[PDB]
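Step one of this worksheet: look at the structure below.
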Amino acid sequence: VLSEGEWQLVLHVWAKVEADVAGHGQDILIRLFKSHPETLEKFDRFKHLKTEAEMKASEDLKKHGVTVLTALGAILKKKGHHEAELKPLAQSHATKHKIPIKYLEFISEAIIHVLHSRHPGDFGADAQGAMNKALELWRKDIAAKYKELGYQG
Ligand code: HEM
């Protein structure tokens, strides 16, 4: 469980993310694909992008980044009371896209990296710890929902 103060640190940084959702999302997906190239293979619509510049120019990757961050943000804002937000995400990600939890770990590392890179002054050790705990809670709860659907990834 996170403390109220941990939630507040999470939400304080997230408000900085919301000043430029698209740009944060591009930076996070690009970092994910740079750091863990296997993850790009799950995206039929993006795996043809061969260079960082092509990835930045891609309207569809940028749109997808906003979709991703909007969903994550809606989950974080519920401060752990996220069943209704999380269920549909678990359904698609378990049964259609087939995203293992290790891949959710990789995108969590990309989120942390981008947030620190863009907001170091609002993303020191206590705020990083709080964000890591919020993302761990989300991954724990998504894994339980994966198993309820029969997916052991
Ligand atoms: C913070 C973590 C993530 C969030 C909040 C998230 C959110 C979303 C949302 C909202 C969609 C659109 C609706 C749906 O199909 O569920 C989506 C689609 C998708 N996600 Fe994720 N996602 C996350 C992580 C990942 C990761 C790590 C992968 C792959 C390594 C992945 C692969 C996909 C694929 C392949 C689609 C369909 C893309 C398309 O063709 O339109 N997701 N995701």
Side-chain angles (χ1 to χ4, degrees), residues 2 6-7 9-50 52 54-119 123 127-153:
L2 276 71
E6 287 167 336
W7 286 120
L9 289 177
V10 170
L11 300 184
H12 175 75
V13 77
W14 200 263
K16 302 294 195 183
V17 172
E18 291 192 345
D20 184 5
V21 180
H24 287 77
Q26 283 175 299
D27 285 353
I28 284 163
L29 293 174
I30 295 169
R31 172 68 177 188
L32 176 62
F33 304 142
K34 177 184 166 194
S35 294
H36 300 285
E38 59 270 43
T39 62
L40 182 59
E41 303 173 12
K42 291 291 177 168
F43 295 91
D44 289 350
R45 97 121 145 295
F46 309 132
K47 59 184 184 199
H48 71 282
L49 298 166
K50 281 167 175 194
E52 176 156 13
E54 281 184 329
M55 292 186 166
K56 290 171 168 268
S58 172
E59 192 178 346
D60 281 347
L61 182 164
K62 177 177 63 167
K63 289 170 171 171
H64 190 61
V66 168
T67 296
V68 171
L69 295 185
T70 301
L72 182 60
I75 286 161
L76 292 176
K77 291 176 188 179
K78 305 305 168 289
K79 298 175 51 197
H81 294 92
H82 57 222
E83 175 181 303
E85 295 73 30
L86 186 56
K87 276 177 49 184
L89 184 71
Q91 186 86 68
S92 62
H93 287 55
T95 75
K96 179 179 194 171
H97 316 310
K98 296 267 177 210
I99 306 307
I101 304 297
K102 65 176 172 187
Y103 288 10
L104 301 186
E105 292 173 331
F106 300 159
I107 198 168
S108 296
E109 289 157 21
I111 292 161
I112 298 291
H113 174 86
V114 175
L115 274 49
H116 181 76
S117 289
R118 290 195 171 218
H119 312 293
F123 211 59
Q128 293 178 240
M131 192 55 80
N132 271 321
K133 287 184 63 86
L135 300 176
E136 279 174 2
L137 177 62
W138 159 65
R139 295 191 305 271
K140 170 177 184 265
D141 280 359
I142 210 177
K145 290 285 184 277
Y146 279 1
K147 289 180 181 63
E148 286 184 352
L149 302 162
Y151 180 58
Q152 299 299 319

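Numbers here are sequence positions counted from 1. Start at 1 and go down the list; that is how both ligands and their atoms are numbered. What you see below is based on every heavy atom in this structure, not just the backbone, and it leaves out hydrogens, waters and symmetry mates.
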| Any heavy atom of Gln91 sitting closer than 4.0 Å to ligand 1? | no
| Which pairs, with at least one residue in residues 84-104 and sequence neighbours excluded, count as a side-chain hydrogen bond (donor to acceptor under 3.5 Å, both in side chains)? | none
| remark: Ranked by distance from atom 35 (C) of ligand 1, the top protein heavy atom is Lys42 O, 3.2 Å
| Does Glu59 CD have over 12 foreign heavy atoms under 6.0 Å away? | no
| field | Element-labelled atoms of ligand 1 that are located less than 4.0 Å from some non-hydrogen atom of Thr39 | value | 30 (C)
| query | When you measure from atom 39 (C) of ligand 1 to every protein heavy atom, which one gives the shortest distance, and what is it? | reply | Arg45 NH1, 3.5 Å
| Identity and separation of the nearest protein heavy atom to atom 24 (C) of ligand 1 | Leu104 CD2, 3.9 Å
| How far apart are the closest heavy atoms of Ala22 and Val66, and which atoms are they? | CA-CG2, 3.6 Å
| query | Near atom 21 (Fe) of ligand 1, which protein N/O/S atoms are found at less than 2.8 Å? | reply | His93 NE2
| note | Looking only at non-hydrogen atoms, the one of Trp138, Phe106, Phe46, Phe43 nearest atom 32 (C) of ligand 1 is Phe43
| Strictly by modelled atom types, are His119 and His24 linked by a side-chain donor-acceptor pair under 3.5 Å? | yes
| field | Closest approach of any protein heavy atom to atom 18 (C) of ligand 1, naming residue and atom | value | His64 CE1, 3.4 Å
| field | Donor-acceptor pair, side chain of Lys78 and main chain of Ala74, under 3.5 angstrom | value | yes
| query | Within a radius of less than 6.0 Å around CD of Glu83, do more than 12 heavy atoms belonging to other residues, nucleotides or ligands occur? | reply | no
| Within 6.0 angstrom of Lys147 NZ, more than 12 heavy atoms from elsewhere | yes
| request: Identify the protein heavy atom lying closest to atom 27 (C) of ligand 1, giving its residue, its atom name and the separation to 0.1 Å. | output: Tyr103 O, 3.7 Å
| request: Spell out, as yes or no, whether a donor-acceptor pair under 3.5 Å connects the side chain of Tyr146 to the backbone of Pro100. | output: no
| message | For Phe123 and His116, take the angle between the two ring planes, folded into 0 to 90°, and tell me which bin it lands in: parallel under 30, tilted 30 to 60, perpendicular over 60. | response | tilted
| said: Quick one, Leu61 with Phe43, criterion side-chain contact (heavy atoms from CB on, under 4.5 Å). Give me CA distance, side-chain angles, the key distance, then yes/no. | reply: CA-CA 10 Å; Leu61 182 164; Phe43 295 91; over 6 Å; no
